[PDB]
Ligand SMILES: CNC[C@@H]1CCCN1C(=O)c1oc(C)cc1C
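In structure tokens, one chain follows: the form deposited without the named molecule.
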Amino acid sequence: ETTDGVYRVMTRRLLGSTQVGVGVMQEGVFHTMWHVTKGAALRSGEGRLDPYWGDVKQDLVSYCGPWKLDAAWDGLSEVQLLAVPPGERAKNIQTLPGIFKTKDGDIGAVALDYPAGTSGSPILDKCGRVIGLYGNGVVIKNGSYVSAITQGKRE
């Protein structure tokens, strides 16, 4: 299955079928977070997806080809997290992102808490363009989780 869209990343290594993450299929390239697959190969029916590019610091990995997603948050408008939770149907959640201020620049951030297995879910702009992936963030003084809007670089 190479149809464009959002996918669940599963494993039979543990008890039953366990959802470890989510990813985006676009232009024949599967995009997910590095911590979901650890760079391992993926199955899609009979077919095999082999890793092509990855980086532990960015926490991203692409399969079958280079990173294709290049849209960015405009720093003004609301966005939608298309959350794909384990055992639950895909759901769009609209939020206005916060900001991660770093020594290397500012990054958009979404203050939504979801199970670990939701990592890799796409964040979208009003045109439906993927501006980044959910799942690499931090736990604030509140106890709640805030994820960066993680986007790769398209060469």
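One rule holds for the numbers: they count along the sequence shown, beginning at 1.
Participant: Using only C-alpha atoms and the B-factors in the entry, which stretch averages higher, 87 to 95 or 32 to 40?
Facilitator: Comparing 87 to 95 with 32 to 40, the higher mean C-alpha B-factor belongs to 87 to 95.
Participant: Quick check: 18 to 26 versus 139 to 147, which has the larger average CA B-factor in the record?
Facilitator: Higher of the two, by average CA B-factor, is 139 to 147.
Participant: Just the C-alpha B-factor column, please: which of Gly45, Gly54, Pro122, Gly65 has the biggest number?
Facilitator: Most elevated C-alpha B-factor of the set, per the entry: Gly45.
Participant: Using the B-factor values recorded in the entry, state whether the Cα atom of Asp104 falls in the lowest, middle or highest third among the modelled residues of its chain.
Facilitator: For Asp104, whose C-alpha B-factor we compare with every modelled residue in the chain, the answer is the highest third.
Participant: If you rank the chain by CA B-factor, which third does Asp113 end up in: lowest, middle or highest?
Facilitator: Highest third.
Just so it is clear, the following notes concern the form deposited with the named molecule bound, a form of the same protein that is not shown.
Participant: My understanding is that the named molecule gets transferred in the bound PDB entry by a local C-alpha superposition; in that placement, do 3 or more ligand atoms come within 2.4 Å of this form's backbone or C-beta, making it blocked, or is it open?
Facilitator: With the named molecule superposed from its pose in the bound PDB entry, the site reads as open.
Participant: Although the named molecule is absent from this view, report whether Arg43 comes within 4.5 Å of it in the bound PDB entry, heavy atoms only.
Facilitator: The answer is no: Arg43 has no heavy atom within 4.5 Å of the named molecule.
Participant: Would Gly39 count as a contact of the named molecule in the bound PDB entry, using a 4.5 angstroms cut-off between non-hydrogen atoms?
Facilitator: Answer yes; at least one heavy atom of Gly39 falls within 4.5 Å of the named molecule in the bound PDB entry.
Participant: Contact between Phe30 and the named molecule in the bound PDB entry at 4.5 Å, heavy atoms?
Facilitator: Output for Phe30 is no: heavy atoms all beyond 4.5 Å of the named molecule.
Participant: Given that the partner is absent here, does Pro51 sit within 4.5 Å of the named molecule in the bound PDB entry, heavy atoms only?
Facilitator: Contact check for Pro51: yes, within 4.5 Å of the named molecule in the bound PDB entry.
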